[PDB]
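I have placed the structure first, in the form of structure tokens, so that the comments after it can refer back to it.
Below, chain A is the first sequence line, B the second, and so on; all start at residue 1. FYI, side chains are in, hydrogens and waters are out, and symmetry mates aren't considered; it's all heavy atoms of this structure.
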Amino acid sequence: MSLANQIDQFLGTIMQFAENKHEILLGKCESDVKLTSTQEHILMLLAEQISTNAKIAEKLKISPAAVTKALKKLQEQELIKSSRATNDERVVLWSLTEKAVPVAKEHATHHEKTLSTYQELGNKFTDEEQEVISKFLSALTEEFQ
Amino acid sequence: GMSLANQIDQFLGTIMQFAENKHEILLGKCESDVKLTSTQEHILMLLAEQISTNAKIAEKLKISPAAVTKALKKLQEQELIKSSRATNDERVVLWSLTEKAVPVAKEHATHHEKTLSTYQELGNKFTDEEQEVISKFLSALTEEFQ
DNA sequence: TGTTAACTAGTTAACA
DNA sequence: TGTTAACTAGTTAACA
Ligand SMILES: [Zn+2]
Ligand SMILES: [Zn+2]
Ligand SMILES: [Zn+2]
Ligand SMILES: [Zn+2]
């Protein structure tokens with residue numbers, strides 16, 4: 001198989017692996033509270049910094065419309081709460097309820113375990129082989145802008 | 001978690017972000033005069049190789065027969081394909097292209113060829129050794145998604 | 001900025 | 001096998 005066909009099939013492999021999620025994780029979500037990957041990710045963000053619809057939408061690279069509806073569902077489930085920015089009283093801020101704290105922490109640990117799998121995948125290669133690969137990734141990502 | 005893992009993780013991110021609504025990854029613009037999803041065009045492409053059924057098409061696309069039903073219907077309401085059930089009482093329900101779709105089908109096949117070509121050019125920037133290291137990295141990654 | 005209308009392109013499962 | 005009905009989690013347009 002050509003290097004060209006391999007890249008082709010690899011891309012399609014991760015496509016079906018992702019299904020209808022918007023991010024790649026390895027292993028199963030170990031949170032009893034059941035939420036979309038996107039929702040859990042949002043909770044992860046609010047653990048770091050209180051924020052707005054816009055700020056959330058950009059980190060996730062999805063539409064403010066999609067955020068409006070994810071935030072709303074988390075708000076029905078009392079996982080988040082709104083308040084107003086101090087500088088501009090009209091600005092709507094979102095932050096976590098206590099109940100959401102572990103859900104976010106579980107999502108953070110999930111990302112962290114996905115990264116460990118990669119690091120150890122990267123460790124089957126010499127500092128140089130790794131360098132080659134790093135170049136490859138920079139080359140490939142570039143095609144995608 | 002070090003530089004390499006993070007670069008990998010981010011790269012997968014860039015793919016998902018490029019993926020969007022499409023269930024396929026193709027580079028460049030879809031130069032087809034008709035506005036169709038890549039899934040719908042890819043169907044047209046398959047039908048050009050071989051008359052077939054909802055199931056065989058669903059198998060090949062790795063999507064559900066219900067998804068196939070809905071896609072076939074849009075293709076059909078745009079008079080790009082036709083079904084045997086309007087003219088034949090055979091048990092098999094076969095889908096075929098209308099002459100209007102022949103070129104669209106051809107364009108989609110070409111789009112795929114060009115995308116392969118772009119990939120090859122990218123890899124051509126590497127020695128045959130360097131392509132073997134890359135090829136082992138790709139195989140190793142593919143493993144994690146089994 | 002942020003939210004609904006209308007849509008989208010997929011999913012599962014019950015059933016001629 | 002292929003259709004449908006119910007659902008799902010995105011999208012853009014336009015204007016609230
Ligand atoms: Zn989780
Ligand atoms: Zn996440
Ligand atoms: Zn096309
Ligand atoms: Zn295609």
Are [X] and [N] close enough that a side-chain N or O sits under 4.0 Å from OP1 or OP2?
{"X": "A:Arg90", "N": "D:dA16", "result": "no"}
{"X": "B:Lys70", "N": "D:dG2", "result": "no"}
{"X": "B:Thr69", "N": "D:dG2", "result": "no"}

Closest approach to the side chain of [X], judged atom by atom: which nucleotide of [options] is it?
{"X": "B:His23", "options": "D:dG2, C:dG2, C:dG10", "value": "C:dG10"}
{"X": "B:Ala67", "options": "C:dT11, D:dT4, D:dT3", "value": "C:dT11"}
{"X": "B:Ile63", "options": "D:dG10, D:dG2, C:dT11", "value": "C:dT11"}

| Base-pairing assignment for D:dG10 (Watson-Crick or G-U wobble, both under 3.5 Å) |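 Pairing partner: C:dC7.
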
| field | Any strand: nucleotide that pairs with C:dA16 via Watson-Crick or wobble, under 3.5 Å | value |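 Result: D:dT1.
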
| message | Enumerate the side-chain hydrogen bond (donor to acceptor under 3.5 Å, both in side chains) contacts for residues 133-145 of chain A, please, sequence neighbours excluded, ordered by first and then second residue. | response |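 Listed by first then second residue: A:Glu131-A:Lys135, A:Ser134-B:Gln7, A:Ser138-B:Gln7.
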
| query | So which pairs with a foot in residues 9-19 of chain B pass side-chain hydrogen bond (donor to acceptor under 3.5 Å, both in side chains), sequence neighbours left out? | reply |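 Counting only pairs at least two positions apart or across chains, no side-chain hydrogen bond (donor to acceptor under 3.5 Å, both in side chains) contact touches residues 9-19 of chain B.
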
| request: Using heavy atoms and a sub-4.0 Å distance, could you list which residues of residues 34-42 of chain A are near DNA chain D? By number, please. | output: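 DNA chain D contact set from residues 34-42 of chain A: A:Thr36, A:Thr38.
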
| Side chains of A:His111 and A:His41: do they bring a donor and an acceptor to under 3.5 Å? |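 Indeed, the side chains of A:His111 and A:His41 share at least one donor-acceptor pair under 3.5 Å.
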
| field | Any donor-acceptor N or O pair under 3.5 Å, side chains A:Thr97, A:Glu78 | value |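 A:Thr97 vs A:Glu78: no donor-acceptor pair found between side chains.
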
| task | Give A:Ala54 one of three labels, base, sugar-phosphate or nothing, depending on what nucleic acid heavy atoms sit under 4.0 Å from its own. | result |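 The answer is sugar-phosphate, as A:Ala54 gets under 4.0 Å only of primed atoms, P, OP1 or OP2.
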
| Pair B:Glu107 + B:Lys114: basic N to acidic O under 4.0 Å |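 So B:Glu107 does not pair with B:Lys114 through a salt bridge.
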
| request: Kindly say whether A:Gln77 contributes a backbone atom to a donor-acceptor pair with the side chain of A:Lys99 at under 3.5 angstrom? | output: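 A pair under 3.5 Å: yes.
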
